[PDB]
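K.L.:
What follows is a single structure, and I will ask about it in a moment.
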Amino acid sequence: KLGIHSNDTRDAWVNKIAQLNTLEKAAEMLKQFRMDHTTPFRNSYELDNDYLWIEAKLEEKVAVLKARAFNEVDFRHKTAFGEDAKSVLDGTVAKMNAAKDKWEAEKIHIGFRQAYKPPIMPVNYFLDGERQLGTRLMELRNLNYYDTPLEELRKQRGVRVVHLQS
Amino acid sequence: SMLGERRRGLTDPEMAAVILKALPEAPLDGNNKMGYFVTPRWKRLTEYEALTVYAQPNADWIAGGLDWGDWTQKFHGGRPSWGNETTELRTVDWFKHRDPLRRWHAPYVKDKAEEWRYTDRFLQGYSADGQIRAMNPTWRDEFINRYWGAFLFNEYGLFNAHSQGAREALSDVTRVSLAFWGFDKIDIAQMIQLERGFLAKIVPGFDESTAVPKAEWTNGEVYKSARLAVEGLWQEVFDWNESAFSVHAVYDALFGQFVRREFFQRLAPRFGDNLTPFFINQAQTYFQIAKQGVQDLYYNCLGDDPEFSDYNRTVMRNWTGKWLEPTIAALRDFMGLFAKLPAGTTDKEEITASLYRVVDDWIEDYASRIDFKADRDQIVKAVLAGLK
Amino acid sequence: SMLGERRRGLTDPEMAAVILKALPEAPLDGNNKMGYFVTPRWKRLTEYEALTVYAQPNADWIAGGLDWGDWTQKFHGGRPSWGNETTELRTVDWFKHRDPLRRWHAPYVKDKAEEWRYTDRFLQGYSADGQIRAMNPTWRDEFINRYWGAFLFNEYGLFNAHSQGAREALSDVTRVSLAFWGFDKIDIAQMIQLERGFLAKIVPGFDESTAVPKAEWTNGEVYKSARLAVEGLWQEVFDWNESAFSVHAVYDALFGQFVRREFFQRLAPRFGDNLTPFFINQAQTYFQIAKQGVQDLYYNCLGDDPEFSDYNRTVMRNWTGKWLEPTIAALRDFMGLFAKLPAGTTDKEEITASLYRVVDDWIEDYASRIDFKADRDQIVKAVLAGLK
Amino acid sequence: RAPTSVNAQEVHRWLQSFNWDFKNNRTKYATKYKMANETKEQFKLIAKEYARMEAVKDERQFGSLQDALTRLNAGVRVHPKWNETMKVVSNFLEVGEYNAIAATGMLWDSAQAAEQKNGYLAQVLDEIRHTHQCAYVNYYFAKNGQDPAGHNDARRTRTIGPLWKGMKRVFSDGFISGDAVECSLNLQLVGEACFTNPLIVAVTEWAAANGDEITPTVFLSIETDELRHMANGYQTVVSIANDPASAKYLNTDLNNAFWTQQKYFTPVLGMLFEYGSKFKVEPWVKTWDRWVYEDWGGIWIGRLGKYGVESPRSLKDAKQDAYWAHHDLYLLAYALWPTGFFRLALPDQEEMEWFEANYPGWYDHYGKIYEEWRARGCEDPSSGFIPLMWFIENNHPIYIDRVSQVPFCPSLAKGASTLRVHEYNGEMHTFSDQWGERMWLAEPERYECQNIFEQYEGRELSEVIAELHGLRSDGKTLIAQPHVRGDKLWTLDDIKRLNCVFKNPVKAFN
Amino acid sequence: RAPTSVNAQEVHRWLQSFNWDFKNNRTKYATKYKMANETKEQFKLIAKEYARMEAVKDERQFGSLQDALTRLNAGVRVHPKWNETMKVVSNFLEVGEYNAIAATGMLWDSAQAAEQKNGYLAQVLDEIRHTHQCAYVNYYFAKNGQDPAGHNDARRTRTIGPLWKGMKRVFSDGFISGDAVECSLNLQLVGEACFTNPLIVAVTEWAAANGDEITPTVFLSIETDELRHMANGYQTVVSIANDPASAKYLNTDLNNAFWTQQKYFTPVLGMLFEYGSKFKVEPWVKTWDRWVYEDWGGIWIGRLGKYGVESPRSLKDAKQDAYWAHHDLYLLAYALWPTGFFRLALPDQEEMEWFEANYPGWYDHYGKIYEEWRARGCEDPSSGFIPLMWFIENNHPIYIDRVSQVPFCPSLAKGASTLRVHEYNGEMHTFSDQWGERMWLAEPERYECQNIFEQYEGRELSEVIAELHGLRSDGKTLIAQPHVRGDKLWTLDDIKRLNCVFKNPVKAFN
Ligand SMILES: [Ca+2]
Ligand SMILES: [Ca+2]
Ligand SMILES: [Ca+2]
Ligand SMILES: [Ca+2]
Ligand SMILES: [Fe+3]
Ligand SMILES: [Fe+3]
Ligand SMILES: [Fe+3]
Ligand SMILES: [Fe+3]
């Protein structure tokens, strides 16, 4: 079974997700999944064709579990890991505003997403974070955007140049 | 020339013959129904559904999507164009919602257009019939110009609360309903100003400037907590569903309904004002129209979701508790307006009865739908403390 | 089949080629304006005039006609299809009249259609918003069901008064206006019943049957003289202009405007009734619409006729006196209604104020136009004699 | 607090109770019948719903006209002959729509039952819409067509010709002058059910065949309203059937109404269809028999038998006179072409073959005559020849029936050739059939319409035309023409030089 | 006491004052810019008047469609090729209209001045209108056309093919993902002003030429709303011009947006126009130059010079790469015909002559290729041949640009032949140009879109088509076809006979 919308990989993860019955275990698995399968900094590209869908299914479980475990105040203001959302948001923004360059900035923004994307951090704080972190990242990235030659930009990004044609 | 220079394949003999010759003997498929694969909400697929459902290019990783793969271009940082992360609510399918009134763009502007022309005829007939003669001067210059006027900012704020939703909604049916709910709010805000502009034309000395109503809204006491709530709902909420739900199923259902229906519409007639009720009537019609959509999305689709019913109700109960307090504060401050009315206009018993009507309607139409345990007498008691 | 069996000359290659081949190089006349010979009332000729003026095939012996000769077939006895003999008024041209609103069939039904759908939406919002909860039971079951209902027979009678005029009108522009004046009257009668039917649906024991309101009209005391005046204006007048003039410029301008605006409209709000006023709004907008047409025909055209100005004014001043008496009597009887109102609802100072507004508006819009010097104080006094 | 409203039917349920009893509550018009006060109507409409259902139609119609059709130049890509035909079809129908307003106003007054008055009222408003719709057709072709003259002023230029007189008899006076019931039969039972309804649909057919998509857009919309008018005519009979007078008068008023209507439409409609087009849809002989004998005379009338309604006693006579009627009339219409407000064309080779195929003997009579006139130069201004001259030269007087106003030429006609001339109190009268003759004998004062020969007697042709504005914009070229080509148009001077002076043909019997 | 009222402008005069100050009154979206708080809008509209003006347009539009156009069978009498082109043109435009709704919702949130928010709001409402209009075109052709398949389910069948991915980049994600200002440039200053506005007008011309009067009716109406959006775009620049950030970032965001839009439309539009039609209106080469260089790059951009706006630095590159771009792409679209939701046709004899005439050298390259594929039997189901096989046999790999999603075959193309392959953190990436390469290198996390080869790797073709519902109602015949004739349509089994299995072309690299 190797379909686009339905396949063995997806089935296997649905089974794996069905066994996460406590918030801490489920939230931890979601964060681990994001480190392992999302963004260009992911640990591997093995789940490239299904990770987006699988991540959503894992999110669903963490969400329902969090709503059942947290009281109303905590559901609004705490992360799934019990951290104070505002503190995390403010702390991350602080680091972002201190970032020395666009390279440090991209790591901060991307890492923040992998770690706190809802249902880990409440949506309100998370999108407020997107608003602030994204602004700085762009301000740093878009300054003198074309000054660096591609020959050198390839080195800065750290890609392995496999083939070139002209 | 009489015939023009451009030749059309439908009428040009040479071109049409070329076209006709290339045609098949019959259609290459007998299924002439666009959107035939959409699950109909009613007996048969509606034009509303065919033209709307699945227009949004969501992939399967956003519940209900038919596409596949990641977006082609995302935000700096990685945020997806549309994603599950923009709202706390979950569902098996974001395309399940249906506006009970089945409004796509054509039917929507058609009705509002009828209302615009009807309004123009009304004002002309009202002015030509000299009905302004029967309006109490104090009610007109104090309560309509200042207090009803100030309310336009409330509706304007609620309109603006929809901006993020227009951008983040996770489906076409929800985006369209959401856009129409917001559009009707700015329309009401503009109809309040329109009334003031009308009065400026038929009443010597009546100033249509918004300076007075705006100073009341921004610095007065009657609307202080109302403004604080609006500012929060609009700019402190980043979850498009928390915004639409809290605005329509909490704040506007309680504060909005009370101000429009239980204060201005209930009292205007007692001062020879048939003008304001004309517009409030539109606002109430719009309110009831939005209610149907709000109820379908939050109660029928999300609150009753086969997989996330329990979860979504827990979240909406959370939101109701969160926004009920600021809403009660808004009503409490508004109670201060009654002390400014001419003695004998109304009394504590009428005010209390009208509060209970709004609260009971709210419990029946909204709170009960998610099992929120509202205590009607405790809510009214908290509000009545604002009576001076 | 997919293409069908019928060949159309606009799209069929063979047939279109033949058509194209027969066409002239350019239009055979550059005057592409239908009705170019009609004298415009405004800057440029309007669609309203082009599509209406001269549609009626009158010969020159009927002031303004462009045709010649007698009618082809007349009534047994010799009576002409249309003739100067069907009305006392005379003019230099029966096609002079112009509806200020320039209403031909299309715009007319478009406006009424919008009003119908606006009305449907209003009722739906009213019922969903539970606004009926604020209406006084007595006013509802007594003054709305019986007395407002009874008034539907008044409007209905005024509608029927237009039947002969629809047949005898001496020009297209006058027939179209007359038809619309009458059509709006039966509409109002129907709206009165519609409201009673609406109440029947939302108020458990409310009976929509016309029995009660009909008995009041046929055997009641409040509308006795009103009914007698209506029975006369309709079946005792054989002059289409006398009927139209006397109905709109005398009876309905006084009695009608009082009962509608000065009684039900003015008092409904005090009883928590925002429903009745919604419909009366339409009746008033209609009255104002028909008024502009009535004024243009009897004053601008006939009253100020370059040749029969004095003559017509004499005839209209005559009709005014002839029907002012039955109209006064109609008001007097209606006065008895105020005694049935709950104590404290209204006093004599208000009644007198409303009566003067009607009479004054009448003198300002009609009486003064034809030099019918009327005594406002004498009128208000005669009517006032009907109170308790 | 469920959303609730009220519809037309729910209000209409109590409409019958709106009327109340009282002394003078009776019709103001002379009538031999008594319409039952308990008569009901088929459709349960109220003013507001009526407006909405019509407003929806207007939307589609005007939308198509102003947008797609205008973008397709639909007003231009129509056969010249059809552009001309629509000047007559639309304007002449317009007067029928217009007088129908006054007619139904008269019936509304006659009816005593509130519902019956309401039925007539709906038609009053419908006929107003149709008046404006027909007006819009001429308005549109004037604005966007190949020849605005006529389309732009038919309301006054139609008064010049003889065909207009007969149209007024069936579409104007026949609709409003007489017993209300007689008028109802002329308008609804006969006019609308037997002719207008079918005619309007047929016109959309011929229009489409000739490139005209403007007319179908408007006429098909008009057609959607006719069901209510059919109902009115039918209910007119139902409302008087239980009255004694009915058995004594109905069939007589009906027969007179049938003869009246058919007298004009039989020759005129066939003429407009077959001679006012290039592409043909169906032979008029076949159409007529179906409409009159099958559809109306059979099915429609048949259903009213239970109400004492019988087939017009003049039906067979009508069929006898019908066959060559339209062919005989076009000869006269073309001979008098200078009196019209439209351009006429002679049959081309394909058409003559079509006429002969469908009407054996057509060529030996009409065909040879048209070719004779053409070779003589009837289409050329410098020829100095107008077919009217041929009629004088060959002693073929053209008369106008005193009752129907229909032109007839007994000495040349292939169809009916009967002629009755009478003198009464110093005035001569010419009749073309036994039914019309009776009408005049029994009702002399109902028919005093002066004919064109009487009004124009002693007048020179170009003078009548000039006076009645039969000219195009340039003030010199005639609106009417003997051909439909763009060149060599006749001018007022071309006519003046002929020195044609009208004479009253009846005076020859003096 | 005279009839008086109030209009839109009178109320709008006070709209700017509707917004008020408070600590948190600020946009919720990340942005490098600051839109001036006193920014004004060009049109003084309010909700009520907006609805009226649009309602009037709908009336004319739908009236034409439901009435006259349907009566004329306008949905059928269109060239087969154009019926297919509209499946793509209308549904692809639909997504642009749709995302523009969200885009302007985002811009409405960004603007702080009430008037500027209001301008964006009008567009929000217009794009909903346009979404439903494009939907209606497909809806109409499905209901009344020669081939409903595709028109009736594009919302899901579009997901099978590679062209859709690139459409989402410029018409979906490009419109809503990034700095609100960057999004505004992609949507309004570049997208609408340079491409969509001109594109919409052009389509009505090509449609009319190919017998399609349905699209002109809708698109011409859509076009009437664009004035407001152009103004929004212009005002975006004005609103941020006085901010220091503008001088630092504006031209960079503008250049990126220009390259983004152009990269897709340059090859795709020219392809749809020339290869998706029978009758040609104008050679894409001249059309493109006028639109991009003259109209947009010259006039439009020139007016913004006063605000610091400069001509995109990548303009020259775009032109050089533009000449053969659409021709290069059709070769790929046809070879991958089984992955579409529309039927394609090989250029016919008359067309090849037109191509060669307008693009010297076309025949020696593309012509011969098509002739070879034809000989191989690419149109016949029993051939067991699909052009894709030809690419394999001649070692011509097809890659997918990681950024624009535009397919390219560098070893065969007559235009751009550049190819850059990088490996990064365990993933391979292929780029077709230096602008898209910089975008990925600088913003890796913005471009992770998986391509069809990555998703379909190791999958047999017929299974992908079946899985994604690429079949007609008979459940066997493919929606897509290698020819537009009514007979010999390929079925799923014919594609299965073939045994085509996808492979990721980048895996060849070590
Ligand atoms: Ca306070
Ligand atoms: Ca009390
Ligand atoms: Ca309690
Ligand atoms: Ca390797
Ligand atoms: Fe009619
Ligand atoms: Fe009729
Ligand atoms: Fe658009
Ligand atoms: Fe746009």
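If you're wondering about the labels, chains in the structure tokens are A, B, ... by order shown, residues count from 1 in each chain, ligands from 1 in order shown.
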Compute the set of protein, DNA and RNA residues whose minimum atom distance to ligand 8 is at most 12 Å, using only C-alpha atoms and all ligand atoms, and state it as a PyMOL selection string.
P.N.:
chain E and resi 93-104+119-131+171+175+184+186-200+219+222-233
K.L.:
Where does DSSP see strand (DSSP E or B) in chain A, if you list the residues as number ranges by chain?
P.N.:
A: 2, 7, 78, 84, 160-165
K.L.:
Any idea what's packed within 6 Å of region 42-46 of chain E, counting only C-alpha atoms, ignoring anything in its chain fewer than 4 positions away? Could you give it as a PDB file with C-alpha atoms, in the first residue's frame?
P.N.:
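For reference, part.pdb as written:
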ATOM      1  CA  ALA E   8     -21.620  56.991  -0.091  1.00  0.00           C
ATOM      2  CA  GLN E   9     -19.186  59.902  -0.431  1.00  0.00           C
ATOM      3  CA  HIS E  12     -17.043  58.164   3.528  1.00  0.00           C
TER       4      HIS E  12
END
K.L.:
Chain D near chain B within 9 Å: what's each residue's closest atom pair and its distance in Å to one decimal, counting only C-alpha atoms, ordered by chain then ascending residue number, as CSV?
P.N.:
residue,atom,partner,partner_atom,distance
D:3,CA,B:288,CA,8.8
D:72,CA,B:11,CA,7.9
D:73,CA,B:3,CA,7.4
D:76,CA,B:3,CA,7.4
D:77,CA,B:3,CA,7.9
D:146,CA,B:2,CA,8.1
K.L.:
Name the residues in contact with region 54-66 of chain A at a cut-off of 8 Å, using only C-alpha atoms, excluding same-chain residues fewer than 2 positions from it; report them as number ranges by chain.
P.N.:
A: 10, 13-14, 17, 20-23, 26-27, 30, 33-34, 50-52, 68-70, 75, 80, 118-120; B: 61-62, 84, 88, 90, 308, 311
K.L.:
For those residues, write N, CA, C and O atoms to a file as a compact mmCIF listing (two decimals), in the first residue's frame.
P.N.:
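Now in result.txt:
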# COMPACT_ATOMS: atom_id res chain seq x y z
N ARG A 10 1.61 5.95 6.79
CA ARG A 10 0.58 6.68 7.51
C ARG A 10 -0.18 5.78 8.49
O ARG A 10 -0.45 6.18 9.63
N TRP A 13 1.88 5.11 11.59
CA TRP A 13 1.95 6.21 12.53
C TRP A 13 0.64 6.42 13.25
O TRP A 13 0.62 6.82 14.41
N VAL A 14 -0.48 6.17 12.57
CA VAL A 14 -1.76 6.32 13.22
C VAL A 14 -1.82 5.34 14.39
O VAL A 14 -2.35 5.66 15.46
N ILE A 17 0.37 6.66 17.19
CA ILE A 17 -0.30 7.79 17.83
C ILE A 17 -1.42 7.34 18.76
O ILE A 17 -1.64 7.92 19.82
N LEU A 20 -0.43 6.92 22.44
CA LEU A 20 0.05 8.02 23.27
C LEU A 20 -1.15 8.42 24.11
O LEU A 20 -2.02 9.15 23.64
N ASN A 21 -1.20 7.95 25.35
CA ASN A 21 -2.34 8.24 26.21
C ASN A 21 -2.13 9.20 27.38
O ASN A 21 -3.01 9.34 28.23
N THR A 22 -0.98 9.85 27.43
CA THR A 22 -0.70 10.84 28.46
C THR A 22 -0.11 12.04 27.74
O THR A 22 0.62 11.89 26.75
N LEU A 23 -0.41 13.23 28.23
CA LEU A 23 0.09 14.46 27.63
C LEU A 23 1.61 14.55 27.51
O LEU A 23 2.14 14.85 26.44
N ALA A 26 2.96 12.21 24.80
CA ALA A 26 2.49 12.65 23.49
C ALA A 26 3.15 13.95 23.03
O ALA A 26 3.57 14.07 21.88
N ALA A 27 3.25 14.93 23.93
CA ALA A 27 3.87 16.20 23.57
C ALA A 27 5.34 15.97 23.24
O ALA A 27 5.86 16.56 22.30
N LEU A 30 5.72 14.56 19.83
CA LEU A 30 5.44 15.57 18.80
C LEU A 30 6.66 16.46 18.57
O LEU A 30 7.01 16.76 17.43
N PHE A 33 9.29 14.44 16.80
CA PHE A 33 8.90 14.27 15.40
C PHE A 33 9.29 15.50 14.59
O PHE A 33 9.83 15.40 13.49
N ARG A 34 9.03 16.68 15.15
CA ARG A 34 9.36 17.92 14.48
C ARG A 34 10.87 18.10 14.29
O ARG A 34 11.31 18.63 13.26
N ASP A 50 5.09 12.10 3.78
CA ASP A 50 3.98 11.92 4.71
C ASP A 50 4.07 12.68 6.03
O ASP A 50 3.08 12.74 6.77
N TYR A 51 5.22 13.27 6.34
CA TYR A 51 5.37 13.95 7.62
C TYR A 51 4.36 15.05 7.91
O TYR A 51 3.93 15.20 9.05
N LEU A 52 3.96 15.81 6.89
CA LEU A 52 3.00 16.89 7.10
C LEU A 52 1.68 16.35 7.64
O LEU A 52 1.13 16.88 8.61
N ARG A 68 -7.80 17.97 28.19
CA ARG A 68 -8.30 17.15 29.30
C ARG A 68 -7.47 17.28 30.56
O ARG A 68 -8.00 17.18 31.66
N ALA A 69 -6.17 17.52 30.41
CA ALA A 69 -5.29 17.64 31.56
C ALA A 69 -5.19 19.03 32.19
O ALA A 69 -5.07 19.17 33.40
N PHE A 70 -5.24 20.06 31.36
CA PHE A 70 -5.10 21.43 31.83
C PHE A 70 -6.37 22.11 32.32
O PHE A 70 -7.46 21.86 31.81
N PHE A 75 -4.58 26.12 29.99
CA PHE A 75 -4.80 25.85 28.57
C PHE A 75 -4.54 27.10 27.74
O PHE A 75 -4.05 27.03 26.61
N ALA A 80 2.35 22.91 26.47
CA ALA A 80 2.05 21.52 26.79
C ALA A 80 3.09 20.96 27.77
O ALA A 80 2.83 19.98 28.46
N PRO A 118 1.81 25.08 17.97
CA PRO A 118 0.59 24.55 18.60
C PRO A 118 0.45 23.09 18.15
O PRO A 118 0.81 22.76 17.02
N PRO A 119 -0.09 22.22 19.01
CA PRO A 119 -0.61 22.45 20.36
C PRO A 119 0.40 22.50 21.53
O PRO A 119 0.03 22.23 22.67
N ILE A 120 1.65 22.83 21.25
CA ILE A 120 2.61 22.93 22.36
C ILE A 120 2.35 24.30 23.00
O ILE A 120 1.94 24.38 24.16
N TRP B 61 -3.17 17.39 4.73
CA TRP B 61 -2.69 17.59 6.10
C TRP B 61 -3.40 18.72 6.86
O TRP B 61 -3.04 19.04 7.99
N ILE B 62 -4.38 19.33 6.20
CA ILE B 62 -5.24 20.34 6.82
C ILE B 62 -6.58 19.66 6.60
O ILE B 62 -7.10 19.66 5.49
N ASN B 84 -2.82 24.16 10.44
CA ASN B 84 -3.57 23.80 11.64
C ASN B 84 -3.16 24.68 12.82
O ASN B 84 -3.96 24.92 13.73
N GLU B 88 -6.89 26.85 17.74
CA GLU B 88 -6.91 25.77 18.72
C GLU B 88 -7.93 24.70 18.36
O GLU B 88 -7.80 23.56 18.77
N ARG B 90 -10.12 21.85 16.36
CA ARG B 90 -9.77 20.75 15.47
C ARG B 90 -11.05 20.14 14.90
O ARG B 90 -12.12 20.23 15.49
N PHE B 308 -13.88 15.36 17.43
CA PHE B 308 -13.41 16.38 18.36
C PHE B 308 -14.47 17.18 19.11
O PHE B 308 -14.20 18.28 19.59
N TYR B 311 -13.44 17.91 22.79
CA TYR B 311 -12.33 18.85 22.77
C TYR B 311 -12.78 20.27 22.40
O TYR B 311 -12.48 21.23 23.12
K.L.:
Could you give me, as a list in words, every polymer residue with an atom at most 8 Å away from an atom of ligand 4, counting only C-alpha atoms and all ligand atoms?
P.N.:
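Using only C-alpha atoms and all ligand atoms, everything at most 8 Å from ligand 4 comes to residues 423, 509 and 510 of chain E.
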K.L.:
Extract, using only C-alpha atoms, all DNA, RNA and protein residues at most 9 Å from residue 304 (chain D), discarding same-chain residues fewer than 3 positions from it, and format them as a PyMOL selection string.
P.N.:
chain D and resi 234+237-238+300-301+307-310
K.L.:
With N, CA, C and O atoms retained, could you export that selection as a PDB file, in the first residue's frame?
P.N.:
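Wrote it out as selection-v1.pdb, contents follow:
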ATOM      1  N   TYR D 234     -60.964  32.493 -19.817  1.00  0.00           N
ATOM      2  CA  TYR D 234     -61.685  31.276 -19.478  1.00  0.00           C
ATOM      3  C   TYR D 234     -62.622  31.556 -18.302  1.00  0.00           C
ATOM      4  O   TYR D 234     -63.797  31.185 -18.329  1.00  0.00           O
ATOM      5  N   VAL D 237     -65.931  33.446 -19.026  1.00  0.00           N
ATOM      6  CA  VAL D 237     -67.035  32.585 -19.439  1.00  0.00           C
ATOM      7  C   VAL D 237     -67.659  31.880 -18.233  1.00  0.00           C
ATOM      8  O   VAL D 237     -68.887  31.801 -18.109  1.00  0.00           O
ATOM      9  N   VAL D 238     -66.811  31.370 -17.346  1.00  0.00           N
ATOM     10  CA  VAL D 238     -67.286  30.673 -16.157  1.00  0.00           C
ATOM     11  C   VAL D 238     -68.141  31.590 -15.282  1.00  0.00           C
ATOM     12  O   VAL D 238     -69.151  31.160 -14.727  1.00  0.00           O
ATOM     13  N   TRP D 300     -59.119  24.145 -27.362  1.00  0.00           N
ATOM     14  CA  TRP D 300     -59.499  25.283 -26.530  1.00  0.00           C
ATOM     15  C   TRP D 300     -61.005  25.503 -26.401  1.00  0.00           C
ATOM     16  O   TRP D 300     -61.540  25.469 -25.295  1.00  0.00           O
ATOM     17  N   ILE D 301     -61.688  25.733 -27.520  1.00  0.00           N
ATOM     18  CA  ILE D 301     -63.132  25.957 -27.488  1.00  0.00           C
ATOM     19  C   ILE D 301     -63.868  24.726 -26.968  1.00  0.00           C
ATOM     20  O   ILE D 301     -64.818  24.841 -26.197  1.00  0.00           O
ATOM     21  N   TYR D 307     -69.976  24.993 -20.822  1.00  0.00           N
ATOM     22  CA  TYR D 307     -70.472  26.309 -20.445  1.00  0.00           C
ATOM     23  C   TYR D 307     -71.357  26.913 -21.529  1.00  0.00           C
ATOM     24  O   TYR D 307     -71.667  28.103 -21.494  1.00  0.00           O
ATOM     25  N   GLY D 308     -71.761  26.089 -22.491  1.00  0.00           N
ATOM     26  CA  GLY D 308     -72.627  26.562 -23.558  1.00  0.00           C
ATOM     27  C   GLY D 308     -71.930  27.246 -24.721  1.00  0.00           C
ATOM     28  O   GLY D 308     -72.587  27.850 -25.569  1.00  0.00           O
ATOM     29  N   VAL D 309     -70.604  27.163 -24.768  1.00  0.00           N
ATOM     30  CA  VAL D 309     -69.847  27.783 -25.850  1.00  0.00           C
ATOM     31  C   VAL D 309     -69.753  26.846 -27.058  1.00  0.00           C
ATOM     32  O   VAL D 309     -69.359  25.683 -26.935  1.00  0.00           O
ATOM     33  N   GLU D 310     -70.126  27.359 -28.224  1.00  0.00           N
ATOM     34  CA  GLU D 310     -70.079  26.578 -29.457  1.00  0.00           C
ATOM     35  C   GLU D 310     -69.098  27.218 -30.438  1.00  0.00           C
ATOM     36  O   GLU D 310     -68.758  28.394 -30.304  1.00  0.00           O
TER      37      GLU D 310
END
K.L.:
Enumerate residues in contact with ligand 3: an atom-to-atom distance of at most 6 Å, counting only C-alpha atoms and all ligand atoms. Format the result as a PyMOL selection string.
P.N.:
chain B and resi 375-378
K.L.:
Selection from above, C-alpha atoms, as a PDB file, in the first residue's frame, can you write it?
P.N.:
ATOM      1  CA  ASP B 375     -26.092  31.373  35.802  1.00  0.00           C
ATOM      2  CA  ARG B 376     -28.598  33.942  34.553  1.00  0.00           C
ATOM      3  CA  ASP B 377     -29.332  35.708  37.847  1.00  0.00           C
ATOM      4  CA  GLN B 378     -25.646  35.952  38.788  1.00  0.00           C
TER       5      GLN B 378
END
K.L.:
Leaving out residue 338 (chain B) and any residue of its chain fewer than 3 positions from it, which residues lie within 8 Å of it when counting only C-alpha atoms, given as number ranges by chain?
P.N.:
B: 335, 341, 387
K.L.:
Check region 73-193 of chain E with DSSP on the backbone and list each residue it calls helix (DSSP H, G or I), as an NGL selection string.
P.N.:
:E and (80-110 or 114-144 or 154-160 or 163-176 or 180-193)
K.L.:
Using only C-alpha atoms for the distances, tell me which of B:266, B:248, B:21, B:33 is nearest to chain C.
P.N.:
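Looking only at the distances to chain C, the closest residue turns out to be B:266.
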K.L.:
Within 7 Å of chain B, which residues of chain A show up when using only C-alpha atoms, listed as a PyMOL selection string?
P.N.:
chain A and resi 52-53+56+64+67+72+106+109-110+117-118+123-124+127+134+138
